[PDB]
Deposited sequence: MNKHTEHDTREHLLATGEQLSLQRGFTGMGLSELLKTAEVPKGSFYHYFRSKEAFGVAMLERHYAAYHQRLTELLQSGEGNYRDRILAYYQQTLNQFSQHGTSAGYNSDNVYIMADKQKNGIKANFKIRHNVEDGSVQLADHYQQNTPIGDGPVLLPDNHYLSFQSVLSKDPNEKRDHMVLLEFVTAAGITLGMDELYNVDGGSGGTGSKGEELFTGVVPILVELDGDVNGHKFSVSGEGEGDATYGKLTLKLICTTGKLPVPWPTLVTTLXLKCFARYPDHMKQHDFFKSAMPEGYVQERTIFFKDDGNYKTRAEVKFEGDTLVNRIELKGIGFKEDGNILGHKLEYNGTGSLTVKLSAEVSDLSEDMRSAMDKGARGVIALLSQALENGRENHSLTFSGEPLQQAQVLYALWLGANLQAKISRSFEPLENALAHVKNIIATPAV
């Protein structure tokens, strides 16, 4: 559909450029399409793009708050929870959901396999797809837990050390297993905070490079903190393309799922993690990593080979955004100022449809004893919206999980489970 394609394109463009900065020629270029054929003006296009965006988000909020997992309180917490991820985002869902990687047993190999799509943002507004095909196999001979089908929820943010001169990446991940409704000796090595060492030897199209990182992971909270330095000069590829290559052992497996943690069970001997990553319309990475304990440190030692890249493509030409975009509602909330009145009204109605959804959830949860809170639904809905808006925004400025963690902790406190 031509009209949908333009609106979809213009949303991504605004997600990155903003609306007032999105030019019409740049929109038809990236969309490969004219224009007044389908829209009266850029202003009318913007109203339509806004109404389309909020219609999809109201529907996403509706099925979460009225039909999601758990009770009304759990759904309200998830309304915050699904916004922590700032990596691999696109389209109507960008800034609204974590990235779920489906884990599956590979009994033939006594390990696990996965396949998933990573989406990088090209600075021109198009999206670089990266198809991951992954196999993991124990290094040791000891028995390993072979899991039933589940997934790992990945939430990541990339930042920079302001004192670091070298080409480098700061990477923070929150990773949680889920998908099963109702351990091992290796599990015991992860009860506390564990030093990490990462080493990558890379060769992409003949450009060699070495990446060396150090950090710590906290599996009880599914937390991973790394700072990775390119030790041979400029990284000849965009840092976002190495994120998945540069520790699923640090995932938080909830109590009822401990029998399905293959990654901790293979420890301390460890496991081999192999991938092919197919970059659409470009080349591919093949990676081989040993993840294992060396003394008290968890080591991820990696070799990487890339063949078939375009020297002027998105990867070798460094055309990839380093940061996530976040959501459009926050990106454009930021933009009211120069907007037309018809589009000022469009955000107003979009933000109010969200608040109304939060209010119904608070009211319904009261009535069915999912939750108690001091205040009334509509006013409390507005406080929750504002907190959600400020926290996401401040999570983007600081490139950190802290604001949403603190905000979510606040929400658990004020939207309480009723006394027994």
Task: Deposited positions without coordinates, collected into consecutive stretches in sequence order - done: 1-7, 41-43, 193-207, 272
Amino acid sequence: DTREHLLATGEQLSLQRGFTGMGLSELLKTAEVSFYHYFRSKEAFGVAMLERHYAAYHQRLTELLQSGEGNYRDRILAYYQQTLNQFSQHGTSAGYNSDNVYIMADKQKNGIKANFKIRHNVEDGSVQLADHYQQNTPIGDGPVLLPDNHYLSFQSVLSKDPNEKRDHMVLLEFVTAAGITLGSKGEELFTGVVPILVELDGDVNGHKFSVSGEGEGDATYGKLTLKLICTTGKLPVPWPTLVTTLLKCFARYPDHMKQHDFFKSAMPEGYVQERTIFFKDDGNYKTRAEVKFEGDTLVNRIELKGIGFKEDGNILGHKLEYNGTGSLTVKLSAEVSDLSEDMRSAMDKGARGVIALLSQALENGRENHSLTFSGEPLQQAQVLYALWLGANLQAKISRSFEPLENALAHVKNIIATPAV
From here on, numbers count along this sequence of modelled residues.
TODO: With reference to the PDB entry, specify whether the mean Cα temperature factor is higher for 275-283 or for 136-144.
DONE: 136-144
Task: Stretch with the greater mean C-alpha B-factor as recorded in the entry, comparing 374-382 against 22-30 - done: 22-30
Task: Selection by C-alpha B-factor (highest) of 81, 156, 244, 323 - done: 81
TODO: Going by the CA temperature factor in the entry, name the top one among 288, 223, 117, 90.
DONE: 90
Task: CA B-factor placement of residue 252, once the chain's modelled residues are sorted into thirds - done: lowest
TODO: Sort the modelled residues of this chain by their C-alpha B factor and say whether residue 412 lands in the lowest, middle or highest third.
DONE: lowest
- [ ] Sorting the chain's modelled residues by C-alpha B-factor, tell me whether residue 309 ends up in the lowest, middle or highest third.
- [x] lowest
- [ ] Place residue 12 in the lowest, middle or highest third of its chain's C-alpha B-factors, as listed in the PDB entry.
- [x] middle
- [ ] Could you tell me which third, lowest, middle or highest, the C-alpha B-factor of residue 391 occupies within its chain?
- [x] lowest
